[PDB]
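> need the 3D shape of this:
(chains A and B, ligands or ions: 2)
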2 protein chains.
Amino acid sequence: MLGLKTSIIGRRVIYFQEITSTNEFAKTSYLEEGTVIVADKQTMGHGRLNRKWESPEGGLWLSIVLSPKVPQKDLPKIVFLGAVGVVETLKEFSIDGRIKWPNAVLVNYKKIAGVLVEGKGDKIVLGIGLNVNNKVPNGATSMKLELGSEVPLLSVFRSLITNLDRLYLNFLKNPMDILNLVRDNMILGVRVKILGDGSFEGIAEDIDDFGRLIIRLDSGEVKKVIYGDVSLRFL
Amino acid sequence: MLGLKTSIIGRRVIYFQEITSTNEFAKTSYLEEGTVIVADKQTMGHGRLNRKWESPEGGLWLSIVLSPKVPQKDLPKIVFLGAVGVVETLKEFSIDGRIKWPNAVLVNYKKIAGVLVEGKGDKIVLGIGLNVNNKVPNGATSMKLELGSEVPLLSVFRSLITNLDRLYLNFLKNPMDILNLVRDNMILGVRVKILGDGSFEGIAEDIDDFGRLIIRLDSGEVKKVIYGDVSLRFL
Ligand SMILES: Nc1ncnc2c1ncn2[C@@H]1O[C@H](COP(=O)(O)OC(=O)CCCC[C@@H]2SC[C@@H]3NC(=O)N[C@@H]32)[C@@H](O)[C@H]1O
Ligand SMILES: Nc1ncnc2c1ncn2[C@@H]1O[C@H](COP(=O)(O)OC(=O)CCCC[C@@H]2SC[C@@H]3NC(=O)N[C@@H]32)[C@@H](O)[C@H]1O
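Numbering: from 1, shown residues only, chains lettered A, B, ... in the order given. Ligands and ions are numbered 1, 2, ... in the order given. Okay, here it is:
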């Protein structure tokens, strides 16, 4: 009854009033490619590592099952499809989101969305969390806060799914295309701090062909980040 | 993202752009009670005796998985929950649907919806096909044809699900209450005929405490019909 017009992403949608985690459900259940798992609320939503992702009613919490028959080296770009998709959807609602490497979307430096990609077996799970009308943690933001009014959650869903389907189908054909859309919508040319053991700072110059964040340290040394947390305003 | 607020029916919803049959999928798959299976269109929709049920995109084609904890005697009444639910939803849209015992809803005697219940043991599948914006076969009608304009399919879905959840919840507590709702909404006081070998005709007077159709033959004889493979028609 939704009448979705997408080719793959959205072929099937499994909606839950409540769930532990759409990503977890997607990983442990046999689902065909393109199936979307979405829930009004998540009780065990999660980000990277052991981080909880607040998922109260009002937001858009979903996961998409993908089976990318592309080289293994390109698989790390799936996160970007999710981030760009969000950026495009926000633009449709007159919101300017900017990507924060490697999986976040910010509006005036406030996190409005996060992406989490996991690969159980040869099946890839693209998880996306976007704040729409829900309450958010301090420092974060939502579409409702940015627009000052309730936004039809289903409208955001249709919009995001439409963008993701187009981005995914193109990615399967022209896998390097997503990098340039990321570069044009990512926060660059600024000093950032890369946390974790062996923490360092430098200018986030760009992302390379593997999607690695290229950092120029003050010494001139160039480092390529594959994973980790980026901090824009750390002081 | 649908924000359904029902207690049982609609706790989960699996949406299909296309499916063979929501009833077949619902009967075959391992699904929790209350799960709704809905599709834009069915390639193999069916009614009783595997009769073809036209299911083009534009109509409401769905099945609900149920595991009613009530006496075996009451199970045959589940079909009535579907019929009454449809009638109530049509009334909300100002369409006067009337029940044709025991599984169809008519508007000015044209079929606008059909109900099909299938169940093996504890698992019961309640299937409902309702013509909304789709083209229909001869002898049928649709919400769009009755109202004169495209009808929001999602609104019809939300309405039907809300009604079905309430009716089902009450059925679990008082399995007999559904019979009164059927009586007040079914076509009675007119002549009908039971076709085939041993055929007979008479006035459809009412339904008894077992949901049987009470027919008074011209001779005054009273017959109680139990729905099965019997084909009944209005004269
Ligand atoms: N609702 C929210 N909005 C903005 N920031 C939040 C937030 N909830 C938590 N945070 C913060 O963001 C951090 C998490 O950041 P990370 O970069 O590691 O992790 C992420 O940014 C990924 C989040 C992925 C969420 C989706 S929801 C659908 C699917 N099902 C799941 O279980 N997960 C995915 C936390 O440590 C918090 O400080
Ligand atoms: N779209 C339509 N609208 C009105 N009448 C139709 C129709 N398509 C076929 N018919 C006629 O209705 C008769 C079927 O009547 P019956 O009384 O036996 O059977 C019914 O009235 C039950 C129909 C149940 C349909 C739903 S759709 C969701 C679920 N998935 C399925 O595969 N089935 C269920 C056919 O023999 C046709 O003459």
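> so the longest strand anywhere in chain A, near ligand 1 or not?
When chain A is parsed with DSSP state E, its longest strand is strand A:110-120. Yes. Interface with ligand 1: strand A:110-120 contributes A:111, A:114-116 (CB under 6 Å from any ligand atom). The C-beta positions use only the backbone N, C-alpha and C, and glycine is treated the same way.
> okay, now the sheet partners of the following helix or strand past that strand, with direction.
Past strand A:110-120, further along toward the C-terminus, the next helix or strand under DSSP states H and E is strand A:123-130. When pairing is defined by DSSP bridges, strand A:123-130 lines up against strand A:60-66 (antiparallel), strand A:110-120 (antiparallel).
> follow-up on the earlier one: send the alpha carbons of the longest strand of chain A over as PDB?
Extracted in PDB, the C-alpha atoms of strand A:110-120 (Å, rounded to 0.1, in the frame of the first residue of the first chain):
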ATOM      1  CA  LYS A 110      25.300  19.500  15.300                       C
ATOM      2  CA  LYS A 111      24.900  15.800  14.500                       C
ATOM      3  CA  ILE A 112      21.600  15.100  12.800                       C
ATOM      4  CA  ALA A 113      22.300  11.600  11.600                       C
ATOM      5  CA  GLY A 114      24.700   8.700  11.800                       C
ATOM      6  CA  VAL A 115      25.500   5.700   9.600                       C
ATOM      7  CA  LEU A 116      26.600   2.200  10.700                       C
ATOM      8  CA  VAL A 117      27.600  -0.500   8.100                       C
ATOM      9  CA  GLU A 118      28.100  -4.100   9.100                       C
ATOM     10  CA  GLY A 119      28.900  -7.100   7.000                       C
ATOM     11  CA  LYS A 120      27.700 -10.500   8.300                       C
END
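> ok so, going back, which of the strands paired with strand A:123-130 sits most buried?
strand A:60-66 (a mean of 27; mean count of other CB atoms under 10 Å in any protein chain shown).
> so how far is that one off the chain centroid?
Remark: strand A:60-66 is offset 10 Å from the chain centroid, using CA atoms, centre = their mean, to the nearest Å.
> quick check, the longest helix seen in chain A touching chain B?
The longest helix of chain A (DSSP state H) is helix A:153-173. Yes. Using CB under 8 Å from any CB of the partner chain, helix A:153-173 reaches chain B at A:153-154, A:156-157.
> which of these lies closest to ligand 1?
For the residues of helix A:153-173 next to chain B, the closest approach to ligand 1 (CB to the nearest ligand atom) belongs to residue A:157, at 12.5 Å.
> so where do the helices sit in chain A?
With DSSP H as the criterion, chain A has helices spanning A:22-28, A:78-92, A:143-147, A:153-173, A:177-185.
> contact partners of the first one?
Spelled out, that is helix A:22-28. A:14, A:16, A:19, A:35, A:37-39, A:42, A:44, A:46, A:61-65, A:116, A:118, A:120, A:123, A:125, A:127 (CB atoms under 8 Å, 6 or more residues apart in numbering or on different chains).
> identify each buried residue in it, please.
Within helix A:22-28, the residues that qualify as buried are A:22-27, counting by 16 or more other CB atoms under 10 Å in any protein chain shown.
> and the third one, by the same measure?
Taking 16+ other CB under 10 Å as the basis for neighbour counts, the residues of helix A:143-147 that come out buried are A:143-146.
> format these as JSON lines; extra columns: distance to ligand 2.
Shown next, in JSON lines, are the buried residues of helix A:143-147 (distance: CB to the nearest ligand atom, whole Å):
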{"residue": "A:143", "distance to ligand 2": "35"}
{"residue": "A:144", "distance to ligand 2": "37"}
{"residue": "A:145", "distance to ligand 2": "41"}
{"residue": "A:146", "distance to ligand 2": "41"}
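> thinking again about what came up before, so which of the helices of chain A is the most packed in?
Among these, highest average neighbours (mean count of other CB under 10 Å) belong to helix A:78-92, with a mean of 24.
> from the chain's centroid, how far away is that one?
That offset, for helix A:78-92, works out to 7 Å (CA atoms, centre = their mean).
> and the residue nearest to residue A:203 when sequence neighbours are not counted, what are its bridge partners?
Of all residues not flanking residue A:203 in the chain, residue A:216 sits nearest, at 4.8 Å (CB to CB, 6 or more residues apart in numbering or on different chains). Counting by DSSP bridges, residue A:216 forms beta bridges with residue A:203, residue A:222.
> what sits against residue A:216?
By CB under 8 Å, 6+ apart, the contact set of residue A:216 is A:202-203, A:205, A:222.
> neighbour-wise, which one of those residues leads?
residue A:202 (21 neighbours; other CB atoms under 10 Å in any protein chain shown).
> now it: how far from residue A:100?
16 Å (CB to CB, to the nearest Å).
> likewise residue A:42?
From residue A:42 to residue A:100 the distance is 22 Å (CB to CB).
> and these two? Which one has more around it.
Under the neighbour definition other CB under 10 Å, residue A:42 and residue A:100 were set side by side, and residue A:42 has more, 25 against 21.
> residue contacts, the more buried one?
Contacts of residue A:42 (CB under 8 Å, 6+ apart): A:18-22, A:53, A:55, A:61.
> ok, now residue A:100?
Counting by CB under 8 Å, 6+ apart, residue A:100 has contacts A:106, A:111, A:186-187, A:230, A:232.
> which among the residues you listed count as buried?
Going by neighbour count (16+ other CB under 10 Å), those have A:106, A:111, A:186-187, A:230 buried.
> hmm, which two among those are most spread apart?
A:111 and A:186 (14.4 Å; CB to CB).
> stretch A:85-93 near chain B at all?
No. Stretch A:85-93 is not in contact with chain B by CB under 8 Å from any CB; minimum separation 12.9 Å.
> are that stretch and ligand 1 in contact anywhere?
No. Using CB under 6 Å from any ligand atom, we find that stretch A:85-93 stays clear of ligand 1, coming within 10.9 Å at best.
> these two touch, right, residue A:160 and residue A:89?
Yes. Using CB atoms under 8 Å, residue A:160 makes contact with residue A:89 at a distance of 4.6 Å.
> overlap in contacts, the two.
By the contact definition CB under 8 Å, 6+ apart, residue A:160 and residue A:89 are jointly contacted by residue A:130.
> returning to what we had before: from the buried residues of helix A:22-28, which are also near ligand 1?
Okay, of those touching ligand 1 (CB under 6 Å from any ligand atom), that's A:22-23.
> format the buried residues of helix A:22-28 as TSV; extra columns: distance to residue B:167.
Shown next, in TSV, are the buried residues of helix A:22-28 (distance: CB to CB, whole Å):
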residue	distance to residue B:167
A:22	30
A:23	35
A:24	33
A:25	29
A:26	33
A:27	36
